[PDB]
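Novice: Below is one structure. I have some questions about it.
Every read-out reported here was derived from the displayed coordinates using simple, explicitly stated rules and does not represent laboratory data. For neighbour counting, all protein chains shown are included, and Cβ atoms are generated from backbone atoms with ideal geometry for every residue, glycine included.
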Amino acid sequence: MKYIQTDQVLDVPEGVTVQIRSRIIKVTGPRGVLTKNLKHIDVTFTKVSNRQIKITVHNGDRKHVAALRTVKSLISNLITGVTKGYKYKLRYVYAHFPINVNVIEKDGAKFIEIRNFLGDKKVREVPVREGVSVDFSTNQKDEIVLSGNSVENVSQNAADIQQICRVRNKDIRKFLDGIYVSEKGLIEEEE
Amino acid sequence: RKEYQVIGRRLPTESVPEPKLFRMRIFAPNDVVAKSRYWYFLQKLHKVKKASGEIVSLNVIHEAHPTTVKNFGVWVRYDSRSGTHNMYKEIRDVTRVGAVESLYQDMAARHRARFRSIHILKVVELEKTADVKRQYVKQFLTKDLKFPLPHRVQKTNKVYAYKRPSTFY
Amino acid sequence: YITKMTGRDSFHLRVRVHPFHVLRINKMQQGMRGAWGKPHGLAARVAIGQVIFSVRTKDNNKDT
Amino acid sequence: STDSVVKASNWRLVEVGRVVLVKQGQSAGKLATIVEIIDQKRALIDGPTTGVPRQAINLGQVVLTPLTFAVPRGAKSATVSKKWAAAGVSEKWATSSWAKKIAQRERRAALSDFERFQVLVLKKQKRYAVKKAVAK
Amino acid sequence: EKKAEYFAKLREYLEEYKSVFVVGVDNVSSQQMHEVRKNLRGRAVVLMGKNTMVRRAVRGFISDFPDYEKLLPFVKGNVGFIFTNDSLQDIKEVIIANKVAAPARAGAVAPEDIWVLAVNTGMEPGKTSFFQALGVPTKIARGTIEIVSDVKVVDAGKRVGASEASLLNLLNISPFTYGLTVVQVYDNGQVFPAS
RNA sequence: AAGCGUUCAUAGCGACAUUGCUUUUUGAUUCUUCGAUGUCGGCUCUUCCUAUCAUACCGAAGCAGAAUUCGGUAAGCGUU
RNA sequence: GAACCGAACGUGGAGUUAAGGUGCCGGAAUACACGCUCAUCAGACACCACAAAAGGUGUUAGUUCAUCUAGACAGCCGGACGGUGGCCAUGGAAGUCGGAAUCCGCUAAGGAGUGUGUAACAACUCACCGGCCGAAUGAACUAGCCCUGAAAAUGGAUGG
RNA sequence: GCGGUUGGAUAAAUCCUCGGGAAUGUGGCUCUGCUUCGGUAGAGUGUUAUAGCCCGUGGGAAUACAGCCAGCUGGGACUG
């Protein structure tokens, strides 16, 4: 039927800000800064009362109004990241061969290296993306944690570690080995 | 599109003088089509035809207040490829004749129903904003309605242009 | 199917069409000389808006 | 800043009490209000002072001006003419840069050949004064 | 149909009996609520409710009864009425002292501080792996499984799992025996905090 | 989708019915050619099709591993 | 394109139409108005050069029925007993191999019970009702355009 | 491109007059407050008040559509 006007309301916290011209969204806050280009969408923004934005669409459709609500979620994750920061944990389920994990530097790139995975001789190598720190967990053994501002970069980097530890030619229900994601949430606790 | 009145009768036969008279509100392009569609619908009710009967009156029925917006509610029977189905659409138009015109366009667009396979059952002008059910009409019945028209375009009679034009409005 | 769901004595099925039409076939000396076919099988001829199967039941069942 | 910053936007809203210019038809180059909205590509208009009758029309055929005033939602003809004169919408229209450039080419169209010859002589006098002043 | 009965029947109380004595009953976990009412069967009548905030707001009008204005703010969380005018003191002793109890916890916020003791459990060798898996060190000193040295398994804070709840429900009490506690007391009027 | 498959309709299969596609089988027909289009195979040589036997990379299993079975994008390359 | 549509013909001039067309090739509106479709194989005009059953929450309209001032669906937790292992059956059947009964209590609500599980219990889980939250949601169907179904040999054809 | 007439509900409406009706309820007043107390925005109440709509009774015209003129004026082509 085409919805004549639809809209969703953002709510900004105290410390952070937003700078919007055309469709470029520079968010700044306590932790750092982030950006995102939404130049494939056709939406319009409106400042109301400092800590309140109205995103809206004028004469959309079924498919266009889907992208209205998703942009609310995309911008909110930048504000949630720049305030607190995201944290993705990982565990290595090993049966027979113990998996080793290190972070060795090479031209200032920083690659996460894996060796002796399922008795393989090939040394495997996953790069660290822009704006995400790799660290090891104290107390809890058999663990690795990724933390940063960008939810997109941290979650992608955690997935590439998981998907370059696959078992090939075997029955996967028997050979239950890899580096799986245990928890994913926020850095700042009590929230 | 006009909105004719067709009053028939049946013949004044010997034994039974004075037939009962029958009235219908027919929609048609001109006077010749109105009398044709009268006998079509009358043949699905009583034992009559064009040979055994006659038309008494033909009157045009103009709109009372044609410069006012109204919410119509039309009932329709139409024949698809498989069978025949009943419907109830709602239109936001200035006249009855204008509303019925736009219905034939909407039926042909969505359902591929032609003029021959559409029976207009009853047209009713609704009173209150509450009786209307459909959401696609109820968008325009709200308190203080405003909306822009994004992405305007021009129309040059000439071919060439020396500006690199804008779509501001 | 209806016996599995509810029970055998919860309905009365009735077929309201009988095969009387005998078909023909020309199975194969010559080719198509004296090509009158011989009886193959039976069938029933049906028009549009005609009942094939008829089932009377209680108001409780229906969906079965 | 530290208070946000959004650009943001500015459109001509179609609404009740939005005066509009007519492109084509029997009217063409007139003015009229929007009395009540119908739906998207459809609207009712009226403007009895300027000379244009009551009619349903497409919003593509019409064009929105940047002028507005208060009108009751779905008025008649005489009630609109009362509000039209009090606000002074005709006087505000004439002073705009749109209307002056509209009125310019109408005067250019009605020039006689003797009047066009005077435009040669007067414009040649201006060029001599401007060229001398720019040199210094 | 059904709300009409609940509309009408709620007007009968507090129009006798006149001491409302309200209590939840949120995480019960009963089983033994059933029996709290059946021990109250001789005297009292019980009625738990849903969103009757609109009901008690509308019933606040009446004209001849303005005493129901005190009952519409307190109903937060799982709460329901146990109206009975015996006294207020005697009913308080019967309901609270009975309590629910019963085991236990299967994936939620933990109980009071758990602390397993030493000395034989009463089990021949079989599940010494499951004891050592969740912290508890065991040493088989002749035959049966015996625990050596006392250590806390789960403190009051971090969650308790489903698999670890198997041995706790059978053998070692947490304890997570949680009973009902009274919210308010009435006898006019009268907003009594009950303490 | 009635049953088979220790248990379990659909891992793999699948009775009784029913809709199709194809012109590498064979019929049906006789429009072209009887003042002639040299009719069986093999040898030699080129290229095209995919309805994939192998090789590349994947999914499913009544896939522990090895071997095998069913399917996907694939005619690049090979087939004595 | 022998046969279809429109029209039957002496030689020339001016006007007007038939059938069929009006982005360009090509003479003639890149006219006007309301919808629908986006196809990693879109579709494009009678005879005429093909496509079906069966399916899709891709999207559009519609029919019949239900719940709604807390919707109820959400969707995350709380309960899921008392008589009771109900009678029977038999190694044992305790809601859960089965043959019929189908009743109460307390009731906000809890079937002599939806499955998982056990030799049978235990244990878990739904049905039904609360707690959090505040305005429309749930089921079964009908037909439009798109998609799967849809594989052939030199390079290729809505005329391009 | 203008003019004159005929018919229809002797067009229908607008406009004028006499009634009725309510809401996407104007003004006021109510009311939580919010305030730079300047003014404010929301709900609430109720039938024109400092906005105005909808439906019909009565009255008198224009205009549109359709017809006719043995009405009036201009431009261009072919034929002798």
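Novice: Of everything in the stretch A:1-30, what is β-branched (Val, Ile, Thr) and outside any strand (DSSP E or B)? Give them in sequence order.
Specialist: Selection gives A:4, A:12, A:16.
Novice: Residue A:56 passes all but one of (1) within 11 Å of chain D (Cβ to nearest Cβ); (2) part of a helix (DSSP H, G or I); which number fails?
Specialist: So the condition that residue A:56 fails would be (2).
Novice: Quick test of your reading of the structure: residue B:106 fulfils all but one of (1) closer than 30 Å to residue B:19 by Cβ; (2) under 15 Å from the mean Cα position of the chain (by Cα). Name the failing condition by number.
Specialist: Among (1) closer than 30 Å to residue B:19 by Cβ; (2) under 15 Å from the mean Cα position of the chain (by Cα), residue B:106 violates only (1).
Novice: Take residue E:2 and tell me if it is over 30 Å from residue E:169 (Cβ atoms), of a type in the set (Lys, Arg), away from RNA strand G (no atom under 13 Å from the Cβ) and more than 19 Å from the chain's Cα centre (by Cα).
Specialist: no
Novice: Can you tell me which residues in the stretch B:1-29 are assigned to a strand (DSSP E or B) and not acidic (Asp, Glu)?
Specialist: Within the stretch B:1-29, B:2, B:4, B:5, B:6, B:7, B:23, B:24, B:25, B:26, B:27, B:28 meet the criteria.
Novice: If the Cβ limit is 6 Å and pairs must be 6+ apart or interchain, which residue in the stretch C:29-52 that is away from chain B (no Cβ under 14 Å) pairs with which residue that is assigned to a loop (DSSP other than H, G, I, E, B) and away from RNA strand G (no atom under 16 Å from the Cβ)?
Specialist: From the stretch C:29-52, the pairs are C:35/C:26; C:37/C:26; C:42/C:19; C:43/C:19; C:44/C:17; C:44/C:19; C:51/C:16; C:52/C:17.
Novice: Look through D:34, D:45 and report the one residue that is assigned to a strand (DSSP E or B), within 12 Å of chain B (Cβ to nearest Cβ) and closer than 30 Å to residue A:47 by Cβ.
Specialist: D:34
Novice: If you don't mind, another one. Being touching a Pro at 6+ places or on another chain (Cβ under 9 Å) and more than 16 Å from RNA strand H (Cβ to nearest atom): is that true of residue E:49 here?
Specialist: So residue E:49 fails the test.
Novice: Kindly provide the set of residues from the stretch B:69-95 that are buried (at least 16 other Cβ atoms within 10 Å of the Cβ) and within 14 Å of another protein chain (Cβ to nearest Cβ), ordered by number.
Specialist: Correct list: B:69, B:70, B:71, B:72, B:89, B:90, B:91, B:92, B:93, B:94, B:95.
Novice: Given (1) more than 15 Å from RNA strand G (Cβ to nearest atom); (2) within 14 Å of chain D (Cβ to nearest Cβ); (3) of a type in the set (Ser, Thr, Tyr), identify the lone condition not met by residue B:102.
Specialist: Answer for residue B:102: the failing condition is (1).
Novice: I've got another one for you. Filter the stretch B:100-135 down to the residues that are among the hydrophobic types (A, V, I, L, M, F, W, C) and farther than 23 Å from residue B:80 by Cβ and list them by number.
Specialist: Hits for the stretch B:100-135 are B:124, B:126, B:130, B:132.
Novice: Sticking with this structure for a sec: Can you say whether residue A:39 is away from chain D (no Cβ under 14 Å), part of a loop (DSSP other than H, G, I, E, B) and in contact with a strand residue (DSSP E or B) (Cβ under 9 Å, 6 or more places away or on another chain), as far as the supplied structure shows?
Specialist: yes
Novice: Looking only at the stretch A:96-120, which residues are touching a helix residue (DSSP H, G or I) at 6+ places or on another chain (Cβ under 9 Å) and surrounded by fewer than 14 Cβ atoms within 10 Å (Cβ to Cβ)?
Specialist: A:96, A:97, A:100
Residue by residue, here is whether (1) within 16 Å of RNA strand G (Cβ to nearest atom); (2) at positive phi; (3) under 19 Å from the mean Cα position of the chain (by Cα) holds:
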{"site": "C:25", "(1), (2), (3)": "no, no, no"}
{"site": "C:34", "(1), (2), (3)": "no, yes, no"}
{"site": "C:37", "(1), (2), (3)": "no, no, no"}
{"site": "C:40", "(1), (2), (3)": "no, no, yes"}
{"site": "C:45", "(1), (2), (3)": "no, no, yes"}
{"site": "C:55", "(1), (2), (3)": "no, no, yes"}
{"site": "C:60", "(1), (2), (3)": "yes, no, no"}
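Novice: If the requirement is being under 21 Å from the mean Cα position of the chain (by Cα), away from RNA strand F (no atom under 16 Å from the Cβ) and not polar (S, T, N, Q), which of these qualifies: B:143, B:89, B:163, B:158?
Specialist: Criteria check complete, one pass: B:89.
Novice: Something else now. Of the residues E:99, E:127, E:92, E:76, only one is within 21 Å of residue E:38 (Cα to Cα), within 16 Å of RNA strand G (Cβ to nearest atom) and of a type in the set (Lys, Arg); which?
Specialist: So the residue among E:99, E:127, E:92, E:76 that is within 21 Å of residue E:38 (Cα to Cα), within 16 Å of RNA strand G (Cβ to nearest atom) and of a type in the set (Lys, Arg) is E:99.
Listed here are the residues, each with its yes/no results for (1) over 23 Å from residue C:57 (Cα atoms); (2) surrounded by 10 or more Cβ atoms within 10 Å (Cβ to Cβ); (3) within 11 Å of RNA strand F (Cβ to nearest atom).
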site	(1), (2), (3)
C:3	no, yes, yes
C:8	no, no, no
C:16	no, no, no
C:24	yes, yes, no
C:31	yes, no, yes
C:38	yes, no, no
C:41	yes, yes, yes
C:45	yes, no, no
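Novice: Let me ask another. Regarding the stretch A:121-140, can at least one residue be identified that is assigned to a loop (DSSP other than H, G, I, E, B), loosely packed, with under 14 Cβ neighbours inside 10 Å, on the phi < 0 side of the Ramachandran plot and among the small types (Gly, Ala, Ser)?
Specialist: Within the stretch A:121-140 (the criterion being assigned to a loop (DSSP other than H, G, I, E, B), loosely packed, with under 14 Cβ neighbours inside 10 Å, on the phi < 0 side of the Ramachandran plot and among the small types (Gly, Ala, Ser)), the answer is yes, since at least one residue qualifies.
Novice: May I ask you to list the residues in the stretch D:62-84 that are near RNA strand H (Cβ under 8 Å from one of its atoms), within 12 Å of another protein chain (Cβ to nearest Cβ) and of a type in the set (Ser, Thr, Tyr)?
Specialist: Within the stretch D:62-84, D:77 is the sole residue that qualifies.
Novice: Across the stretch B:132-146, what is the total count of residues that are away from RNA strand G (no atom under 14 Å from the Cβ) and surrounded by 11 or more Cβ atoms within 10 Å (Cβ to Cβ)?
Specialist: Residues that pass the stated criteria total 2.
Conditions (1) in contact with a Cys (Cβ under 8 Å, 6 or more places away or on another chain); (2) assigned to a loop (DSSP other than H, G, I, E, B); (3) away from RNA strand H (no atom under 11 Å from the Cβ); (4) within 9 Å of another protein chain (Cβ to nearest Cβ), marked per residue:
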| residue | (1), (2), (3), (4) |
| --- | --- |
| B:109 | no, no, yes, no |
| B:120 | no, no, yes, no |
| B:131 | no, yes, no, no |
| B:137 | no, no, no, yes |
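Novice: Moving to a separate point now. Can you pull out every residue in the stretch D:1-31 that is of a type in the set (D, E, K, R) and within 10 Å of chain B (Cβ to nearest Cβ)?
Specialist: Listed by number, the residues that qualify are D:12, D:15, D:18, D:23.
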